[PDB]
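So the sequence lines, in the order shown, correspond to chains E and F.
Here the entry's author numbering is used: the first residue of the first sequence is 110, the next is one more, and so on.
Here the entry's author numbering is used: the first residue of the second sequence is 217, the next is one more, and so on.
Using N, Cα and C, we set each Cβ at its ideal position, and we do this for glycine too.
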Amino acid sequence: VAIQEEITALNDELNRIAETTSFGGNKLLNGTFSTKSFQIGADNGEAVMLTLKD
Amino acid sequence: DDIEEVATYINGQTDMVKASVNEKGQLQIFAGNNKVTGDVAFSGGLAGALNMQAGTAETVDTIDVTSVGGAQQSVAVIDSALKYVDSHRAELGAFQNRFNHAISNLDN
């Protein structure tokens, strides 16, 4: 029981880490980020997609 | 190739049309009026998979960047605009130079 209680606490910690991490306002690990393309060139259609998973 | 790489490939192989990818993942081909004079007939296996739609008109006055797709398309529109602007300047440049030479001859 004692260990499980500790695991349960750590468990919640992982969950918050995933739901609290936020570059500025945009969340990252919650799962909403999905995939965004980052234009890294001086012309359109140069963006390279980047994906963050739950 | 992923949708984004496809767009870059097109932009690389041709300068007649300028591709882009919106937020959902749809491809955005823009053809400036100063280069193309009519609707483009997209064809081929890729076309079949992409199912390219009609060509709405997009003048600078209509550039909305509140969405990535709109931003990407807007870059293309601005580029077509800059070309039109410059070209006109060039034309006017000749006028000045031509009138300059004319003044010289008239004075002679």
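Quiz item: How would you call residue 303/F, buried or exposed, if buried means at least 16 neighbouring beta carbons within 10 angstroms?
Solution: Classification for residue 303/F: exposed.
Quiz item: chain E partners of residue 236/F, CB-CB under 7 Å?
Solution: 153 and 154
Exercise. Give, in chain order, every residue of the segment 274-305 of chain F whose Cβ lies closer than 9 Å to some Cβ of chain E.
Key: 284, 287, 288, 289, 290, 291, 292 and 295
Quiz item: Are the segment 294-311 of chain F and the segment 254-265 of chain F touching, with three or more C-beta to C-beta distances below 8 Å?
Solution: Segments in contact, no.
Quiz item: Hey, residue 243/F and residue 279/F: beta-carbon distance below 8 Å or not?
Solution: no
Quiz item: What's the C-alpha gap between residue 158/E and residue 268/F?
Solution: As the crow flies, the alpha-carbon of residue 158/E is around 21 Å from that of residue 268/F.
Exercise. Can you grab the Cα-Cα spacing for the pair residue 147/E / residue 235/F, in whole Å?
Key: 15 Å
Quiz item: For residue 157/E, does the three-state DSSP call read helix, strand or coil?
Solution: strand
Quiz prompt | Residue from 318/F, 292/F and 322/F with nearest C-alpha to residue 250/F | solution = Looking at the Cα atoms, 292/F is the closest of the given residues.
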